[PDB]
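# Summary of the model geometry
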Amino acid sequence: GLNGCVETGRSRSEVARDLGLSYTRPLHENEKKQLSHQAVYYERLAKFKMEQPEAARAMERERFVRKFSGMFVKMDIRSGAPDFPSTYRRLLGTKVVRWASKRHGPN
Amino acid sequence: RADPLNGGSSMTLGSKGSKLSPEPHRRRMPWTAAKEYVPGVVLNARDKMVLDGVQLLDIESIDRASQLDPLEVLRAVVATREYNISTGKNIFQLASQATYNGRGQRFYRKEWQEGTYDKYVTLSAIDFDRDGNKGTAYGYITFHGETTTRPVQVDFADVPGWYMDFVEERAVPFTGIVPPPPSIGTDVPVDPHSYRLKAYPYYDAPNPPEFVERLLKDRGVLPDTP
Amino acid sequence: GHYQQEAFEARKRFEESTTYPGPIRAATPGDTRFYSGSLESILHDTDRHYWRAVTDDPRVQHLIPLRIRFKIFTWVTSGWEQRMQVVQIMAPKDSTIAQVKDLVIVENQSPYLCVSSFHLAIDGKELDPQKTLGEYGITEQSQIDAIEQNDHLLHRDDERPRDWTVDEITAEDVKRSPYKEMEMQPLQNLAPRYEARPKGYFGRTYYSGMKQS
Amino acid sequence: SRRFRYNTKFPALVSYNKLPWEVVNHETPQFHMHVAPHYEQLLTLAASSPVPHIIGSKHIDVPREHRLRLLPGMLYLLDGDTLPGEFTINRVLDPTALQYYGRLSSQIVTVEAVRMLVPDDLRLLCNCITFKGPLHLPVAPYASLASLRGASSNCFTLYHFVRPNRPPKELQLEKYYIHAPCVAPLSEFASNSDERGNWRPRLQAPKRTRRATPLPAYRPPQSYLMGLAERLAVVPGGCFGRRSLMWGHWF
Amino acid sequence: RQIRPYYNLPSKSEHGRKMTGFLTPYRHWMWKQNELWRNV
Amino acid sequence: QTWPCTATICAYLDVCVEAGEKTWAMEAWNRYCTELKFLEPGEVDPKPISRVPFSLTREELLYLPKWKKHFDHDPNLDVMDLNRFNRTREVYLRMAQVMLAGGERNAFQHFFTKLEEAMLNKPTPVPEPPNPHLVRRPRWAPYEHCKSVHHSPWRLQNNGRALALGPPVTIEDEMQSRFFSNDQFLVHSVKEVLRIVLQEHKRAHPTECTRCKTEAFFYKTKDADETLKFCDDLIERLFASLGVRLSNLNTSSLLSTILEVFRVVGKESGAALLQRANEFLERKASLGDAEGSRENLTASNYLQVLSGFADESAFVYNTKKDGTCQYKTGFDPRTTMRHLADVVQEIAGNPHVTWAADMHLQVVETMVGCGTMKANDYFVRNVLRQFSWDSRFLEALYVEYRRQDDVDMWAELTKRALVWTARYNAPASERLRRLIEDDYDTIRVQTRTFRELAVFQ
Amino acid sequence: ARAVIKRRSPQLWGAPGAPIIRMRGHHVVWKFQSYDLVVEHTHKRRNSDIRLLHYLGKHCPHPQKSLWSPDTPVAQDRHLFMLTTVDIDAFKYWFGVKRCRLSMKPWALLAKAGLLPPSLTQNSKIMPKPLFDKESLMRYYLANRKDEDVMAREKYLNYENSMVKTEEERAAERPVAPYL
Amino acid sequence: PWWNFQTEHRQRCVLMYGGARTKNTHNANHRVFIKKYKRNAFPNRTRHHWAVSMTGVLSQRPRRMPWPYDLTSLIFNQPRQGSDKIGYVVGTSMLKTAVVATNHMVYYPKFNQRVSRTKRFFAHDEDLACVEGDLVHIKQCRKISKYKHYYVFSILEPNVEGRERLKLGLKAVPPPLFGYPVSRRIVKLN
Amino acid sequence: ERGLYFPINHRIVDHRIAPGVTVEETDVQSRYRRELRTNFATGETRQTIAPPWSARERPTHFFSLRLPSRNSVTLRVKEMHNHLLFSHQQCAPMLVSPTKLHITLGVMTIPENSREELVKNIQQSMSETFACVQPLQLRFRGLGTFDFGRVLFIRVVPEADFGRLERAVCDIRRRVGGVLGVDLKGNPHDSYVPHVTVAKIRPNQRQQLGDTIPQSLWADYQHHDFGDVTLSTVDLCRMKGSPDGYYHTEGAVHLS
RNA sequence: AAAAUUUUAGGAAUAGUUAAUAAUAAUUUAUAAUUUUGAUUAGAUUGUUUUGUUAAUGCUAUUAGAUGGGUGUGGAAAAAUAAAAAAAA
Ligand SMILES: [Mg+2]
Ligand SMILES: [Mg+2]
Ligand SMILES: [Mg+2]
Ligand SMILES: [Mg+2]
């Protein structure tokens, strides 16, 4: 389970998955806690939308109308730039005031 | 796309046509579909020189000081009717005058009956809106002895190019149901004496001699002296 | 169609196999989350993001991706439109239609859908909330509609929402409902900013399946 | 134009450019516009070969409970005039709506009446069409309609149950487009008919001393025309046909 | 371009173009002729 | 150097048969499919997929040369596992067909015997599921926004949601050949062999099996008798090998193929076909020991019957004598039309038989040949509006029109029929168009476009 | 679809449009001027190279004396020469398979070369454009029309596959004794 | 014609025979620096600009160009450059994210010699196999989050030591004693 | 505004819908990241899957590594039980008694007629397989699910003597199912996933308990460490809960 | 969607911020991300076939052209003078 599949292109996490093996380093408290908090998102959500449809519907109104407000509605190469401040640095001083720096990550 | 002109042949841009297909060329704009249209500008364009020397009053001018002699009003009305037929007759102007609102009668526009072109409309039913001269008109198209299976909104009913002829035979009361006329190939056995086909799918008309004269006298084959 | 019964037949005749060893999961790969392209594409479970020339053993589907269609009223800026919106769940094979309704109710993110009680129906016929997908022959290819309480009242002007084009929206209803969230009185950034389709889009008669002229 | 692959452009939840879903309103004329030309095909089928659920007897009876999981989609023909239990009756006298039954009434059984029925709860529907007299189609002996008195008491009715404000799909008429022949024109040569000996063949084409009478001389149209119908992509009449063949348009 | 001659159906309007393309049957016939040639 | 899998071998052997070159099939056989086996009681199933798929241990990755690590998807790697479903019986069948095609009895006898024996005494192999990359998959769509069959109000447009025009050609209504039981496949194989006999007869005598191009169409070829002998011996061999088992499986396709052989090769009138089929079904009802209740002839069989009547009355048209027509010697229109009539009665009686455009075409043609002059009526009632049709119809029908009394009827009926072609989306063919053109002096009907003519000159 | 149309250089149907074969050169004193046959899109940008599918050749519109060939007493050959380099495989590819468009001047060239019949725009103003009527044409057509199958075979060999297999090469390619 | 002398020129419009059609860009311009600031106050904390700056990238002297000939292209056949990288895992503070340090090569053609530079990547490993100090194989893939285009394809060398260190409850590797350099003097006693 | 305009996690195309649909006709919504949520996250595990015919019949006997007294495993599982029951006492019927803990090395169907011949033969071949293998020290940490979340178990980490186990198992697999034809629920050329089954939902229970063990219970123990254990004893067992307070044992082999 | 190539004599911290969850979170969870292998601001500068000199590893040029959003039209924003692109006979 340490090697990826060359022709398949699936990673080592994959072929390990398929052989039904787990190589997972021992975890500290951070990771166990984050993970355990993540697993349950759907139970929590299910219980929420069943038991309390109103609060849910309010928040949904927010999201829905929000999609129509805002900066971009359209998802194109511009909107869909994974890094906006980096690919357009030439906007950063004058036009675009959101970002103070062109680089927040490795690349 | 669907149905080109001369297949794809690209040797010129005009070689294609003025439209590439009958279908809308962008799917986001449906109305670009190829119809048969009519010169709306000229055929609305009603003459305001018939309204000269008249004194029309208005709808909401009802005032006692406002209106005029009954004689004046009469000639005004006549000048207004003369204003509305001033180009040709709208369908709802023909149909209100016929019995049963002209259900069953065959409404043909002028150009549909001349040249090799042969077409008319068997009127199924009519809606007058509060205003006459406008409305909705449904019916069966009949084209070269071929007829529609179901009724259709009659297009350009509001454009004043329409003629028809009142026959008691075709009249239907509002009780019954206007039948679609027979398509001469199928429901009625075809006959030559009752109906002869003007033009058929591969046919076309012979050359008229004076057009030919004009074109040769143009291209400069047949001379022309001032 | 052809594929459905070809594959069903194949499954059925593969289960009646007397002698089979079983597959070797070393030879039967899963699917990758890692492939070129920006977009994440979800496929059939019998299909893969790599090229696999060999046909795999027919398996029975233990999660069936049902689609459930709703009617919605969209604000198109010349007035209201009625169009179609699907919800897509993954419903365990043997699940009860009651439970399917519940899945649906949990999986919609539109505030405009599940407001009152609704019944699932196929080709107009209501379904028993009591019984299984197995009995009604629901294959994931099946067309499943969803019928709300007030939906047979829509032909009137009441239940069908009132557009500020033709109707008064009053200080009563400015504080309630889609009317509130919409912000009718125009702002500088122009408000939620909905989609618009003009009046003359379809001509004088609206969109039809049958050509009306 | 072809339909594009997928929408990656706009959020799904908001759905953006969407052809409106067509709904059939029973209050208006448009309803009948959809349902009528179907009926005729349906009746035509009934005139030739048998279909199982078309002919039935003594209406139908179901509980309040199972009412909507059984009825909707149901279409059946009864002999007499009896209106279904628990339906408010609406007469269709409006001319426009009536108009669509034209083809069905002239070239099939004449339509005596049309009825829109709505139940107590308003959530169902019945379209009820009463025909008078015998068909103007011939009816075959082994056919479904041969089991009925109203054809071949001259009135009989077609009943169609449906839900309101639904797309013109889930009224189920398209399962009926099975096409069976009318065997009436060949019934003449069957061993059963006694007029089969009064038939005589034309094997050879008869000797022709004439030509077809030449068509009336062509008068070129005098008014203004919209230009080539070819280059404008107008089908020959604006009616039917291919845009490559320009026959019968002005020239 | 599409040639609009002077004897095309004139439109009287102050809100738009002065001449609509609409044809004298002669012009239509003529057009058909020239077109046939180009088809060749 | 790609090793063809079994499927590929099938395909190439199909090309071999259709080409009738035995030579190709022998080399192909000898090289690749030799060791191909059948499935026996001990043998197991679809074999599981056994290939590893290709990976690299870190030492393989680091120490090997570059080419050793280069995987292009290469067949020959998966060939073993493409063949895991055992399609062998298909290969043997094709091979029989070829050895017959190239006219060699011994080899054919060998293959067919092996196949037969194994089909009787060995278990039915599990068929492969539909290949994802050939036949694709039905992705989910709502059919809501659709053109609503009556869309154009001149005609019936077909639609994605339902098919309202009726089938253009009759389909056999049998699942793909690999899903069959072993016995069923035996039957299928006989029908296959017959079909190849037919095809070979049409490659030998192309003139005589074309309808009515030459009077040669009306008379049995020599060597047809020996052929039919072969067919008879074959079928009786099928009834000899398979016992009562035959009572449980579909004979429909087989029957239709036999009937089509005795319609084409030996020439039997419609009555003879209907008789043959009834005697056959009697035989199959009797061999199974039961109360009878025979299956009725399915739609395809009746299609062969009807095309039988159409062969019966057929005419070589416009001899160079300017003589009207030549006919089958010993032709009676009365009797023919009698039998056709009560046969159509028979069909339309049976509720489970679907009607197609081709069956109607055989009928219409039988009318035209018989000088019935009811052809028009039948066509317009039962076909025109309700089917998507060929122009072959209009060809037979023009022949009909030509024989009417006065000329104006001819002209007007023909013109009207062209309008039919323009309304109904039938692109009137060049055969028909020529048939009309030939009479131009008489009827004055122009068939060509303006454009087409100019360009032509 | 531009809000404010670029007014001077209009085109049909948006960008980049069809592939088209154009003749173009930078403008200079007539003495040195050359042209380029270029397959490129319909909508050009600032520099012609951004959309350039292929380069079909140089064309020089100066009649030249042939000093390459030895001076020849044959009359014809001492007419001046016009020099053009055609790339004919990219031409037949782009025009044939890819279905190009054509400006007029390139068309005239390709006509002088025997690749295309002369253009629409080459007019001896001596003759007029022809007249037409359907029934005379029809008489001529009824007079001469070839057989159906001859014509179908023509359309076969011209449009579809040309190279075919005669009996002999079949007989030559079929396997011999040990596998036969 | 670039090979013709200054005085040999006749026409400027064409090449008479062949050769290259060249544009003379004027390389010797005496371009100059403008001094807009006092040497005392320059408006930047780290770096100061006192002369003309050389402005290219790969036009930039002395030339340093991409070299795809190092170890990585030696072991792998890459469909696209950088589709494969071998590296060491440095840090896992992010769930399912392995940071990887990796070397690539640069070539100075002036000196005819190579240098290795180093670069960090974020790799997506589902399931958290990686420990700090593993030698991993890494691949280019679907954009996963803002910065992660690589996923952990295979562990070449695991950290046996580090894993054992983890099992016992201690961190995989001791945290570095000093952080980044400073320009200050930190006086912190006992 | 707090991040990317279109979050990359939200960019999803569904190719199992249809080419024309989502552009024009209708838009399809789903929560697509429940489905994408992976095998590590859900806690699923791919066990050797049975052929259909073998899938029909109940298993009878299995191979088991027997856990000694004084385990780290048993202790920590007991602590886990206490914690679980204090959280939710609905688990109570799911949980396996700490007395019944064992490692499952493979599962098998033995017909009741040939029973004696097969137990003798198996036991013999088994004793031959493990003759050379000395005791195994294996590591247990992490949880996983079989049968759609119906069976909840403790994984065996391949960090230790596990390697040997896999060869060992793969030997009996090729003997027991390969040599004398026996129904191993899988293919004898494939290796079984060894596991310690902790909680379980049987067919009879499934009505009152529910169709899947809710992951909220074992979420926090999903990666928990149960420790190392050395194992000298292999068993072949028929399944009965009654007889010893442990499974009825038809055979044994000592690793030494 | 990425990978490589990236200037300033004397050099310090940067920030709507990383990763997981998900069509969540102006207060989800976490021991987070960029930097001395030279970052971010700031100066200069139109990026990876174009020149000049030279016997030559060099030195010395290369124009121009993509500057955010706010009823989001359109296949694609490239959409507000400044062509030298024949733009549906
Ligand atoms: Mg980036
Ligand atoms: Mg700046
Ligand atoms: Mg196109
Ligand atoms: Mg702006």
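Residues numbered from 1 in each chain as written, not as in the entry; some residues may be left out. Chains lettered and ligands numbered in written order. Part of a larger assembly, values for the part shown. Heavy atoms only, no water.

Its PDB header names cryo-EM as the technique used to obtain the model and reports a resolution of 3.37 Å.

Looking at the PDB entry, one finds chain H named uS17m, with Trypanosoma brucei brucei as its source organism. For this entry, the PDB title field holds "Cryo-EM structure of the Trypanosoma brucei mitochondrial ribosome - This entry contains the complete small mitoribosomal subunit in complex with mt-IF-3". Check the Sequence similarities (unreviewed entry) section of the UniProt entry for chain H; it says "Belongs to the universal ribosomal protein uS17 family." (UniProt positions renumbered as here; feature names shortened; annotations may be inferred.)

Identification of chain G as bS16m from Trypanosoma brucei brucei is taken from the PDB entry.

### Some points on the overall build of chain G
Counting its secondary structure elements, chain G contains five helices and five strands. Mapped in sequence order, the helices and strands of chain G form the string β-β-β-β-α-β-α-α-α-α. Relative to its length of 180 residues, chain G is extended, with a C-alpha radius of gyration of 24 Å against a globular reference of 16 Å. Seen through its principal axes, chain G has C-alpha atoms that stretch 70 × 55 × 45 Å. (Helix = DSSP H or I, 4+ residues; strand = E, 2+ residues; numbered from the N terminus. Rg over C-alpha atoms; globule rule 2.2 N^0.38 Å.)

### Re the packing of helix α9 (residues 252-264) of chain F against helix α10 (residues 270-287) of chain F
All names here are of chain F. At their nearest, the axes of α9 and α10 sit 10 Å apart, and the two run at 145° to each other. With respect to the hand of their crossing, α9 and α10 are arranged in right-handed fashion. Residue-level contacts link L254, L255, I258, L259, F262 and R263 of α9 to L273, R276, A277, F280 and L281 of α10. Of the residues belonging to the contact of α9 with α10, the class tally is nine nonpolar, no polar and two charged. (Axes fitted to C-alpha atoms, helices over the stretch in contact; angles between N-to-C directions. Left-handed = near helix turned anticlockwise from the far one by under 90°. Contact = heavy atoms within 4.5 Å. Nonpolar A, V, L, I, M, F, W, Y, C, P; charged D, E, K, R; others polar.)

### Section: the arrangement of the chains
There is a gap between chain C and chain E: no contact, and a shortest C-alpha distance of 20 Å. With no contact between them, chain C and chain G keep their nearest C-alpha atoms 18 Å apart.

### Observations concerning the sheet that holds strand β5 (residues 101-102) of chain G
All names here are of chain G. Strand order in this open sheet of five strands is β4-β3-β2-β1-β5, and the pairing throughout is mixed. At either end of the open sheet lies a strand with only one pairing partner, and these are β4 (81-84) and β5. With five bridges connecting them, strand β2 (residues 35-40) and strand β3 (residues 54-64) associate as antiparallel partners. Bridge pairing in β3 places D36 opposite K58. (Pairing = 2+ DSSP bridges.)

### Quick word on the packing of helix α4 (residues 115-129) of chain I against helix α5 (residues 162-177) of chain I
Residue and element names in this part refer to chain I. Interaxial distance between α4 and α5 falls to 10 Å at its minimum, and their mutual angle equals 150°. Classified by chirality, the crossing of α5 by α4 is right-handed. Here α4 contributes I122, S125, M126, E128 and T129 to the contact with α5, which in turn contributes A168, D171, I172, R175 and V176. Its residues assigned to classes, the contact of α4 with α5 shows five nonpolar, two polar and three charged.

### Examining the interface of chain B and chain F
Buried accessible area, meaning the area lost when the parts come together, often serves as the stated size of an interface. Counting from both sides, the interface comprises 27 residues of chain B and, opposite them, 29 residues of chain F. Summed over both partners, the interface of chain B with chain F comes to about 2500 Å²; 57% of that surface belongs to carbon and sulfur atoms. When the buried surface of chain B facing chain F is broken down by residue, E146(B), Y200(B) and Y202(B) rank first, second and third, together holding 29% of it. Inspection of the chain B/chain F interface yields two salt bridges. The salt bridge partner of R423(F) is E146(B), with a shortest N-O separation of 3.2 Å. Remark: the boundary between chain B and chain F carries 12 residue pairs in polar contact. Mapped by element, the contributors of at least two residues to the side of chain B that touches chain F are β3 (136-143) and β4 (146-147) of chain B. (Buried area = accessible area lost by both parts, 1.4 Å probe. Salt bridge = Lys/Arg side-chain N within 4 Å of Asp/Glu carboxyl O. Polar contact = N/O pair within 3.5 Å; in protein donor to acceptor, adjacent residues only side chain to side chain.)

### Looking at the side chain of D408(F)
Mapped onto the secondary structure, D408(F) falls in helix α16 (residues 407-423). A distance of 3.4 Å separates the side chain of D408(F) from the side chain of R196(B), its partner in a polar contact. In this structure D408(F) touches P192(B), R196(B), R210(D), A212(D) and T213(D), once residues within four positions along its chain are discounted.

### Digging into the interface of chain D and chain B
Contacts between the two partners involve 45 residues from chain D and, on the opposite side, 60 residues from chain B. Of the roughly 4400 Å² buried between chain D and chain B, counting both surfaces, carbon and sulfur atoms make up 59%. Considering only the surface of chain D that becomes buried against chain B, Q99(D), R243(D) and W247(D) emerge as the three largest contributors, covering 15% of it. If you look at where chain D meets chain B, you find one salt bridge. Residue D3(B) is joined to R242(D) by a salt bridge in which the shortest nitrogen-to-oxygen separation is 2.8 Å. Mapped onto the side of chain D that touches chain B, the elements with two or more residues apiece are α3 (95-98) and α4 (102-107) of chain D. Take the side of chain D that touches chain B: its biggest share by element is five residues, from α4(D).

### Here's the deal with the state of the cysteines
Within the structure shown, the criterion is met by zero disulfides over all chains. Here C13(H) stays unpaired: no disulfide links it, and the sulfur of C60(G), its closest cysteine neighbor, is 14 Å away. Looking at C13(H), the relative accessible area reads 28%, which means it is partly exposed. (Disulfide = S-S within 2.5 Å. Buried < 20%, exposed > 50% of the residue type's maximum accessible area, 1.4 Å probe, protein only.)

### Focus: the packing of aromatic side chains
With the rule as written, the count across this model stands at 72 aromatic pairs over all chains. Summarising the aromatic geometry, the rings of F68(A) and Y194(C) are spaced 5.4 Å apart at their centres and angled 70° between planes, so their arrangement reads as edge-to-face. Of the two residues, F68(A) sits in helix α4 (residues 53-68) while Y194(C) sits in the segment after α4 (177-182), which places them in two different chains. Within the aromatic cluster, the residues linked to one another by ring pairs are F64(A), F68(A), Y112(C), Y194(C), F10(D) and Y16(D). In this structure, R12(A) packs its charged tip against the face of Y23(A), placed 5.6 Å from the ring centre. (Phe/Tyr/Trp six-rings, centres within 6.5 Å; stacked < 30°, edge-to-face > 60°. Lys NZ or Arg CZ within 6 Å of the ring centre and 35° of its normal.)

### Here we look at the protein's contact with RNA strand J
Lining the immediate environment of RNA strand J, one finds 155 residues, of which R78(A), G17(B), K9(D), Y180(H) and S183(H) sit closest. Those atoms of RNA strand J that come within 4 Å of the protein belong to sugar or phosphate at a rate of 67%. Interatomic distance of 3.1 Å between a side-chain N/O atom of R26(B) and a phosphate oxygen of RNA strand J. Separating a phosphate oxygen of RNA strand J from a side-chain N or O atom of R117(H) is a distance of 2.5 Å. Among the elements that make up the surface near RNA strand J, the one with the highest residue count is strand β4 (residues 113-124) of chain H (six residues). Here the residues of the surface near RNA strand J sort into 50 nonpolar, 50 polar and 55 charged. (Near = heavy atom within 4 Å.)

### Re the UniProt feature "binding site: Mg(2+)" (unreviewed entry) in chain H
Mapped onto the present numbering, the UniProt feature "binding site: Mg(2+)" (unreviewed entry) falls on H30(H). Mapped onto the fold, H30(H) is located in the segment before β1 (65-67).

### Thoughts on the nonpolar core
Counting residues in each nonpolar core, the largest one holds 180 residues, and the members touching the most others are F379(F), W389(F) and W420(F). No other element matches α16(F), which puts 10 residues into this core. Apart from the residues within four sequence positions on either side, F379(F) is in contact with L384(F), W389(F), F393(F), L394(F), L397(F) and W420(F). Counting residues in hydrophobic clusters, the runner-up holds 52 residues, among them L105(I), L165(I), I172(I) and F226(I). (Core = buried A, V, L, I, M, F, W, Y, C linked by side-chain atoms within 4.5 Å.)

### Notes on the environment of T42(G)
Residue and element names in this part refer to chain G. Along the chain, the position of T42 falls in the loop between β2 and β3. Between the C-alpha atom of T42 and that of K92, which follows or precedes it by 50 residues, the distance is 19 Å. If we skip the residues at most four places from it in the chain, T42 touches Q11, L12, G17, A18, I20, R22 and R101.

### What to know about the sheet that holds strand β5 (residues 156-161) of chain D
Strand pairs in the sheet, formed through backbone hydrogen bonds, run parallel or antiparallel to each other. All names here are of chain D. Pairing within the open sheet is antiparallel, and its five strands lie in the order β1-β5-β4-β3-β2. Each edge of the open sheet carries a strand with a single partner, namely β1 (75-78) and β2 (87-91). Along the sheet, successive strands turn relative to each other by an average axial angle of 25°, direction set aside. Pairing geometry for β1 and β5, over four bridges, is antiparallel. Residue pairing for β5: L78 is matched across the bridge by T157. Against the sheet, helix α1 (residues 30-48) makes contact with β1, β3 (110-119), β4 (126-132) and β5, and its axis sits at roughly 50° relative to β4, the strand it touches most.

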